[PDB]
Structures are given as C-alpha cells and as structure tokens.
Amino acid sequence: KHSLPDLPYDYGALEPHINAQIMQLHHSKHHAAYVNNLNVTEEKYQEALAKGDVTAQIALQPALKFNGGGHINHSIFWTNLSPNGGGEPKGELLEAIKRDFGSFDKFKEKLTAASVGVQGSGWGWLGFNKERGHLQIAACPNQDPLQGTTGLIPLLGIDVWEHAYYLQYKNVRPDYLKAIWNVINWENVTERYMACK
C-alpha cells in the first residue's frame, strides 16, 4: 500500500513565501486524500483485472490517473522545496540550463510561462528527455503525471492548482510564481538530473 510521505520540513519552514496554513492543508488534506483514494482504486482494479472485466478496468482509469498522479506529483513537489533553497543551481545542471534555454533567467521565464499558462488546474514541469538527451519544459492538466503521460523524467514541478496559492495570493498566480523561486531545492533537482545521466 502507498503511504503519505512526511514533509522534510516544518509546515512553517517556507514562510513568508508559502505560508504555513497552505503547507498544512496541502500536505495533510489534499495529498492525504490522493494516497487513500489511490489505494481504494488500486484494490478495485485488482478485482476487475482478475475477472477479466475490461469495462470496469476502463471505467476506473480516471480515478487511477487522478489519484495516482496526485500522489506522484506532490511526492516530488515536497522534495523540490526547501528552507535551504532559492538561488541558482551549479555544476552540470546549471550548464544544461544555459545550454538548452540560453540562461538561467531565460529558463525561469519559460517555466513561469508554462505554469502561468495553465488554464484550470495543473502543473508546470522541468523535465529531462531521455531520447533526445536534453532538458525540456512541459505543462500538465489536473493531476496527470509527467512521466506517465509524456515520458519526460520529472526534475522540478510547480503546482498551479488554486489550492496551492489562493489563501495567500488569491487570484494573482504570478505573485505566487515570483515567490516560489525563493524556496526551490536546487540540491534535489540536481540529484534527479544526475540520476538521468
């Protein structure tokens, strides 16, 4: 069974950029609900599959992408954030960023653009393209996970569901986007990128 990962930090470790009320609801309520519902759906899929009930397997897909993706996306998200974070990466990651996007600041414009560009709920991603051997930016609707739906390996995700910012920033998503750059755990992103090498 899948379980709720602990936050690597306190609910209020990201203040003042993401306030503690958000962090607490986002983790203990939204993420918790995805894990529990995933578990339920996986159990129901076990039965459908054993019976060769194809109709039921197909009927269960939305719940499985949504709750499974919910779990995958937030689990990556918490490791992407840190009180020790902000700034710019170093080493190869930074050179790949300059190489594929021109400059770190050009990269930030792009990921922000994708993230701001999401109509409705969704996520902006920095991913790695294993076929082409380079970095790539992508956006996903609702809880659709990056690797499951595109093949890109996720490096850094930014959650632009309204629940991820609305208590602090209301309708002004680009203020949230501005703020989050200050808490990005470039340590972890670099780690994920070295895993693709």
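Note that residue numbering begins at 1 and tracks the sequence as displayed.
> Taking the mean of the C-alpha B-factors per stretch from the entry, tell me the winner out of 66-74 and 47-55.
That would be 47-55.
> Taking the mean of the C-alpha B-factors per stretch from the entry, tell me the winner out of 135-143 and 167-175.
The stretch with the larger average C-alpha B-factor is 167-175.
> Once the chain's modelled residues are ordered by C-alpha B factor and cut into thirds, is residue 120 in the lowest, middle or highest one?
According to the entry, residue 120 has a C-alpha B-factor in the chain's middle third.
> Taking the chain's C-alpha temperature factors as the reference, tell me which third residue 112 falls into: lowest, middle or highest.
Ranked within chain, residue 112 CA B lands in the middle tercile.
> When the modelled residues of the chain are sorted by Cα temperature factor, does residue 79 land in the lowest, middle or highest third?
As the PDB entry reports it, the C-alpha B-factor of residue 79 lands in the lowest third of its chain.
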